[PDB]
Amino acid sequence: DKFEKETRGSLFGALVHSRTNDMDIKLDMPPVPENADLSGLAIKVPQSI
Amino acid sequence: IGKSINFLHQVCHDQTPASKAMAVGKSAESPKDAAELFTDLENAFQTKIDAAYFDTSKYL
Amino acid sequence: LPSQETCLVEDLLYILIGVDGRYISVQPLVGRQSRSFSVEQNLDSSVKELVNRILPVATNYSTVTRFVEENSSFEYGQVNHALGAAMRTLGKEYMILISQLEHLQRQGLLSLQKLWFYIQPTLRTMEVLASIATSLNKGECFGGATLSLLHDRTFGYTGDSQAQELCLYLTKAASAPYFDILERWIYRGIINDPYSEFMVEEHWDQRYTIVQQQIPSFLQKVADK
Amino acid sequence: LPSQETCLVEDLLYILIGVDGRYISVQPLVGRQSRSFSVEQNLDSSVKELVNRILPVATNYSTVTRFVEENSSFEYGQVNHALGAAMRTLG
Amino acid sequence: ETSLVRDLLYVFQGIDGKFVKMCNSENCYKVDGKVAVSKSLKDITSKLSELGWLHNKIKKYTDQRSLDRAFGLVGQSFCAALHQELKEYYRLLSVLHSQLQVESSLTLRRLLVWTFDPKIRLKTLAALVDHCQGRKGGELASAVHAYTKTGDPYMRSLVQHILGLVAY
Numbered sequence: 206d207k208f209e210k211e212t213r214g215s216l217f218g219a220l221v222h223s224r225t226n227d228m229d230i231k232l233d234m235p236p237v238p239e240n241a242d243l244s245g246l247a248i249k250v251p252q253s254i
Numbered sequence: 485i486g487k488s489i490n491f492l493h494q495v496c497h498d499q500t501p502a503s504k505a506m507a508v509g510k511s512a513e514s515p516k517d518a519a520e521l522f523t524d525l526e527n528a529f530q531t532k533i534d535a536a537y538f539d540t541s542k543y544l
Numbered sequence: 209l210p211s212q213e214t215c216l217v218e219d220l221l222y223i224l225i226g227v228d229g230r231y232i233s234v235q236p237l238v239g240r241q242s243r244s245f246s247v248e249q250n251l252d253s254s255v256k257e258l259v260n261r262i263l264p265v266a267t268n269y270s271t272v273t274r275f276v277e278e279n280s281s282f283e284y285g286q287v288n289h290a291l292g293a294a295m296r297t298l299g300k301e302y303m304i305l306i307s308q309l310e311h312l313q314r315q316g317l318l319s320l321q322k323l324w325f326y327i328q329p330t331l332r333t334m335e336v337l338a339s340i341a342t343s344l345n346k347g348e349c350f351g352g353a354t355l356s357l358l359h360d361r362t363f364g365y366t367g368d369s370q371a372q373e374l375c376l377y378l379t380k381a382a383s384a385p386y387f388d389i390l391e392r393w394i395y396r397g398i399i400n401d402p403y404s405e406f407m408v409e410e411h427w428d429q430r431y432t433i434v435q436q437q438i439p440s441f442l443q444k445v446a447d448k
Numbered sequence: 209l210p211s212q213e214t215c216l217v218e219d220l221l222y223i224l225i226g227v228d229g230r231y232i233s234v235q236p237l238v239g240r241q242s243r244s245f246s247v248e249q250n251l252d253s254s255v256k257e258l259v260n261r262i263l264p265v266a267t268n269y270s271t272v273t274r275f276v277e278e279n280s281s282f283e284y285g286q287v288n289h290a291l292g293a294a295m296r297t298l299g
Numbered sequence: 246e247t248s249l250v251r252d253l254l255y256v257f258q259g260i261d262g263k264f265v266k267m268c269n270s271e272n273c274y275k276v277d278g279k280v281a282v283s284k285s286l287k288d289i290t291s292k293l294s295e296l297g298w299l300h301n302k303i304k305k306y307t308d309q310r311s312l313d314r315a316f317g318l319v320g321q322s323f324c325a326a327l328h329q330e331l332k333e334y335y336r337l338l339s340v341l342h343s344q345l346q347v348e359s360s361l362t363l364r365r366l367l368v369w370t371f372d373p374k375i376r377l378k379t380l381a382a383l384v385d386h387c388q389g390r391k392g393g394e395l396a397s398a399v400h401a402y403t404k405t406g407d408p409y410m411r412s413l414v415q416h417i418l419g420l421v422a423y
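Top line first, the protein sequences correspond to chains A, B, C, D and E.
When we follow the UniProt record's numbering, the leftmost residue of the first sequence carries the number 206, and every step to the right adds one.
When we follow the UniProt record's numbering, the leftmost residue of the second sequence carries the number 485, and every step to the right adds one.
Heads up: the third sequence runs through residues 209 to 411, 427 to 448, numbered per the UniProt record's numbering.
When we follow the UniProt record's numbering, the leftmost residue of the fourth sequence carries the number 209, and every step to the right adds one.
Heads up: the fifth sequence runs through residues 246 to 348, 359 to 423, numbered per the UniProt record's numbering.
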């Protein structure tokens, strides 16, 4: 059940923005950061806690 | 363990070895595997077959 | 004529993700490391040099992705397959600022010099992943000796914050397999993997075959232990 | 193209309880034991995915018809008439 | 452009769409006789090509069983797995139509990558079935376990769900 809820929520991993059981949510990436225009950017790095 | 249950069928009984606590176990197991994520047990599965093994061998 | 200047900007972003152009032609080479891309020449000598300046930056990514997304998938399942799948995971998050960049387009609002200034920190970031891809292909390292190069690398480099952060992260997710088979060997006493990763390779008082070619990534004193 | 798309949705809802559609022709083969459906010549080329809704309602009626035939006429109170009532509750 | 966006929904939903690909094998490549189009559409057709092909590989095994009582056991608990990860292949297909029909609405590089995480999930599931066409018990239980010996916990979990259900 944990696998199903997690999978169903993440829309097969195609949502990396939050988990929700919604099939009518628009898939949007966050707008360009504040300081991007100053610092450029580099790749984002995630964590485990 | 499957050979030994057949030797008390040459003694003829419908008894699950010794106690009826072996019988409760079948009922407990079927929900416990069903409720899980999709995962089967198998490091714990070999642990209660010891407790089944010593039971049906001394009893036979 | 000024439209051809934005058209070369949009064409570059497909080179950048490592696929075929719209007017920038792709050479075939096998074992390629830098395949030549022939640009559409432009009529003013200054906008064409700018696209040649960004051009190794798109090339060096596209190559080091193309073979680690497949070479890893061929592997037997050692720690380096866990490493090599983790580069593909990291290549997911690369594609988010590029997919957001084209989101800002529906007319020209970018230039070539803004493209390079946006990826300027990220070009040091991909090329320190290029040197991992290069060594592991030269040796064709087995799983004990990958981690032995890789250890020293995330602890012999400093040059960018977000770069050291990743090369720790992904070596720590390749060391985590290795550490777990250590715990199965130092607590239970079993040793099971497709291909052995340790010095010990079981079967007088001989019971082991020992080598110094697959020793732990850390100094040889812990390997004796 | 979207106008035909919402149409074949609508028309499917009428078909689904094992009843006559609008542009979907149903003909009983042997006494309502089998019924072949004939989808309209579509102006989109989702024709293969239309037939992947045909086979769900294909296997629909041949449950329903069989058991309304069992429990009303065969007169076996034991099981047949009783289970026909059960499957009617799942209907 | 946008016609191809409604077209790419249909080999995911089944097989074929707007312009026929003429094969349920090999790789499910665009056939439409349009080459005076740009070559980068062509590169997105070759991504799509192994998306639609990897979908039609999952249909073959559960439809070759065409539910039979002979090996009613273990063969069909694996098909129930194949049905549960199909349903989800359709579930990201539906948030992609909800983007299409709004009451960007056209694809980008976003979904171009998004699709490939299901490809590598469904590839894990292609690798479990190419190994064993057999329906015989304990032969499928030795088939899916040889993919749980491998490195990387990412697909290991995916094969644990199947090995837990093959075992059930």
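All C-beta atoms, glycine included, are put in the ideal place defined by N, C-alpha and C.
Beta-bridge partners of residue i, as assigned by DSSP
{"i": "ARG251 of chain E", "result": "The partner list for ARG251 of chain E (beta bridge, DSSP) is empty, contrary to what the question assumes."}
{"i": "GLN530 of chain B", "result": "For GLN530 of chain B, which the question treats as bridged, DSSP gives no partner whatsoever."}
{"i": "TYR431 of chain C", "result": "C:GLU410"}
Contact set between residue i and chain B, taken where Cβ atoms lie within less than 8 Å
{"i": "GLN415 of chain E", "result": "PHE522 and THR523"}
{"i": "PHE208 of chain A", "result": "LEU521 and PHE522"}
{"i": "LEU395 of chain E", "result": "Those do not exist, as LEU395 of chain E stays about 14 Å from chain B at its closest Cβ, beyond 8 Å."}
{"i": "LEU418 of chain E", "result": "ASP524"}
Buried versus exposed, by CB contacts within 10 Å (16 or more), residue i
{"i": "residue 302 of chain D", "result": "The structure shown does not extend to residue 302 of chain D, since chain D is modelled only from 209 through 299, so no value can be given for it."}
{"i": "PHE363 of chain C", "result": "exposed"}
{"i": "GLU348 of chain E", "result": "exposed"}
{"i": "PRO385 of chain C", "result": "buried"}
{"i": "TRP427 of chain C", "result": "exposed"}
{"i": "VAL259 of chain C", "result": "buried"}
{"i": "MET334 of chain C", "result": "buried"}
{"i": "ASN490 of chain B", "result": "exposed"}
{"i": "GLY292 of chain C", "result": "buried"}
{"i": "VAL282 of chain E", "result": "exposed"}
{"i": "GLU348 of chain C", "result": "exposed"}
{"i": "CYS268 of chain E", "result": "exposed"}
{"i": "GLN344 of chain E", "result": "buried"}
{"i": "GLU405 of chain C", "result": "buried"}
For residue j and residue i, believed in contact at Cβ under 8 Å, the rounded distance
{"i": "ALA422 of chain E", "j": "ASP524 of chain B", "result": "4 Å"}
{"i": "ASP277 of chain E", "j": "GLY262 of chain E", "result": "In fact, because the Cβ distance is near 10 Å, the residues do not count as touching under 8 Å."}
{"i": "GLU301 of chain C", "j": "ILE254 of chain A", "result": "Wrong, their Cβ atoms sit about 18 Å apart, outside the cutoff."}
{"i": "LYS266 of chain E", "j": "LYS279 of chain E", "result": "That pair is no contact at about 13 Å."}
{"i": "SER254 of chain D", "j": "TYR335 of chain E", "result": "Going by Cβ atoms, the distance from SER254 of chain D to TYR335 of chain E rounds to 14 Å, so no, they are not a contact pair."}
{"i": "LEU298 of chain C", "j": "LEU378 of chain C", "result": "7 Å"}
Reduced DSSP secondary structure (H/G/I, E/B, other) of residue i
{"i": "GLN443 of chain C", "result": "coil"}
{"i": "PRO210 of chain C", "result": "coil"}
{"i": "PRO236 of chain D", "result": "strand"}
{"i": "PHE538 of chain B", "result": "helix"}
{"i": "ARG243 of chain D", "result": "strand"}
{"i": "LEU366 of chain E", "result": "helix"}
{"i": "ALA315 of chain E", "result": "coil"}
{"i": "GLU405 of chain C", "result": "coil"}
{"i": "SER294 of chain E", "result": "helix"}
{"i": "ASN288 of chain C", "result": "helix"}
{"i": "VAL384 of chain E", "result": "helix"}
{"i": "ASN269 of chain E", "result": "coil"}
{"i": "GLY299 of chain C", "result": "helix"}
{"i": "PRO264 of chain C", "result": "helix"}
{"i": "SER397 of chain E", "result": "coil"}
{"i": "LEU357 of chain C", "result": "helix"}
Residues that residue i contacts on chain E, provided the C-beta gap is smaller than 7 Å
{"i": "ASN268 of chain D", "result": "Under the 7 Å cutoff, chain E gives no residues; its nearest Cβ is about 17 Å from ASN268 of chain D."}
{"i": "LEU216 of chain A", "result": "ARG336, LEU337 and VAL340"}
{"i": "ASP517 of chain B", "result": "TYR423"}
{"i": "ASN260 of chain D", "result": "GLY259"}
Where residue i meets chain C, residues with beta-carbon distance less than 8 Å
{"i": "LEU246 of chain A", "result": "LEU305, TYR326, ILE327, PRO329 and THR330"}
Residues that residue i contacts on chain E, provided the C-beta gap is smaller than 8 Å
{"i": "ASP498 of chain B", "result": "In chain order: nothing, as chain E lies at least about 26 Å away."}
{"i": "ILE230 of chain A", "result": "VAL340 and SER343"}
{"i": "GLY229 of chain C", "result": "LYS284 and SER285"}
{"i": "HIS289 of chain C", "result": "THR405, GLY406 and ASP407"}
Proximal chain A residues relative to residue i, where beta-carbon distance stays under 8 Å
{"i": "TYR302 of chain C", "result": "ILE248"}
Chain E contact residues for residue i, given Cβ-Cβ distances below 9 Å
{"i": "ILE225 of chain C", "result": "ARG364, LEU367 and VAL368"}
{"i": "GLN429 of chain C", "result": "Here the premise fails: no neighbours, minimum Cβ distance about 28 Å."}
Chain D residues whose Cβ lies nearer than 7 Å to that of residue i
{"i": "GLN258 of chain E", "result": "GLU257"}
Residues that residue i contacts on chain C, provided the C-beta gap is smaller than 7 Å
{"i": "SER359 of chain E", "result": "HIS311"}
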